[PDB]
Amino acid sequence: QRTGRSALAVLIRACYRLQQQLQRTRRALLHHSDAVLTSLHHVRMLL
Amino acid sequence: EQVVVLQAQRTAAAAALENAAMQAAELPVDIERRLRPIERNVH
Amino acid sequence: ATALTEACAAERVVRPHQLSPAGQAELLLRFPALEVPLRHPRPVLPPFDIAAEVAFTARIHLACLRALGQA
């Protein structure tokens, strides 16, 4: 009973967190990349 | 009067590019260290 | 420096005097320091510029030329 039910919990903790790791890379690469577009629009404001 | 303004504005944003060029030089960096600890994770 | 660019980047406007008054009043609610460069008739410096000092020494230079040639 404890052999098959706990060995799958290895792959439970892996799959539900890889769903979470790619969500931060959606956010942290848009809250960083918009600063680039913030900087480039600022340079045109100087001109 | 306008030349003294128009010249100083052009030399201004010339400096702001190199602040942005060192700022936008991390985009080929910032993609690499986010994918590679997930590729070895799958592999 | 974050808000004054993004409020103009959302509207595709190069100078914050050309911003819509619906957008201009939003910055005044958050940031009350922007009263004078937004709601003043004749500022001695040109507001929201970069050579605004550099314009200022060039205007006294002109005013001292016409003080000579008229006299």
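Residues numbered from 1 in each chain as written, not as in the entry; some residues may be left out. Chains lettered and ligands numbered in written order. Part of a larger assembly, values for the part shown. Heavy atoms only, no water.

Colleague: Explain the interface of chain C and chain B here, please?
Modeller: Reports often express the size of an interface as the amount of accessible area lost when the parts come together. In this complex, chain C contributes six residues to the contact, which on the side of chain B involves six residues. Of the roughly 490 Å² buried between chain C and chain B on both sides combined, carbon and sulfur atoms contribute 79%. Taken together, chain C and chain B are joined by zero salt bridges. Joining chain C to chain B, the criterion identifies zero residue pairs in polar contact. The residue inventory of the side of chain C that touches chain B, partitioned by class, reads five nonpolar, no polar and one charged. (Contact = heavy atoms within 4.5 Å. Buried area = accessible area lost by both parts, 1.4 Å probe. Salt bridge = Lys/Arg side-chain N within 4 Å of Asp/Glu carboxyl O. Polar contact = N/O pair within 3.5 Å; in protein donor to acceptor, adjacent residues only side chain to side chain. Nonpolar A, V, L, I, M, F, W, Y, C, P; charged D, E, K, R; others polar.)

Colleague: How should I be thinking about the packing of helix 2 (residues 33–46) of chain A against helix 1 (residues 2–23) of chain B in this particular structure?
Modeller: When two helices pack together, their arrangement is given by the angle between the helix axes and the distance between those axes. Axis separation between helix 2 of chain A and helix 1 of chain B bottoms out at 8 Å; the angle between their running directions is 170°. Considered as vectors, helix 2 of chain A and helix 1 of chain B are oriented roughly antiparallel to each other. Residue-level inspection shows A:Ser39, A:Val43 and A:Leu46 of helix 2 of chain A in contact with helix 1 of chain B, the latter providing B:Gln9, B:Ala12, B:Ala13, B:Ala16, B:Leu17 and B:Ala20. Here the contact of helix 2 of chain A with helix 1 of chain B is composed, by residue class, of seven nonpolar, two polar and no charged. (Axes fitted to C-alpha atoms, helices over the stretch in contact; angles between N-to-C directions. Helix = DSSP H or I, 4+ residues; strand = E, 2+ residues; numbered from the N terminus. Parallel < 35°, antiparallel > 145°, perpendicular 65-115°, else oblique.)

Colleague: When you look at the interface of chain B and chain A in this model, what are you seeing that I'm missing?
Modeller: Each side of the interface is counted separately: chain B has 15 residues, and chain A has 12 residues. Both sides of the chain B and chain A interface together cover about 1,200 Å² of buried area, and 76% of this is carbon and sulfur. If you look at where chain B meets chain A, you find zero salt bridges. At the surface where chain B touches chain A, the tally comes to one residue pair in polar contact. Among the secondary structure elements, those contributing two or more residues to the side of chain B that touches chain A are helix 1, helix 2 (27–30) and helix 3 (32–42) of chain B. Here the element with the most residues in the side of chain B that touches chain A is helix 1 of chain B; it accounts for eight residues. Here the residues of the side of chain B that touches chain A sort into eight nonpolar, three polar and four charged.

Colleague: How do you make sense of the environment of C:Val44 when you look at a structure like this?
Modeller: Residue and element names in this part refer to chain C. By secondary structure assignment, the location of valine 44 is in the loop between helix 2 (21–30) and helix 3 (52–69). Its relative accessible area of 65% is what places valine 44 among the exposed residues. In the structure, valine 44 is positioned 21 residues away from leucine 65 in sequence and 19 Å away in space, judged by C-alpha atoms. With sequence-adjacent residues up to four places away left out, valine 44 is seen in contact with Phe56 and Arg59. (Buried < 20%, exposed > 50% of the residue type's maximum accessible area, 1.4 Å probe, protein only.)

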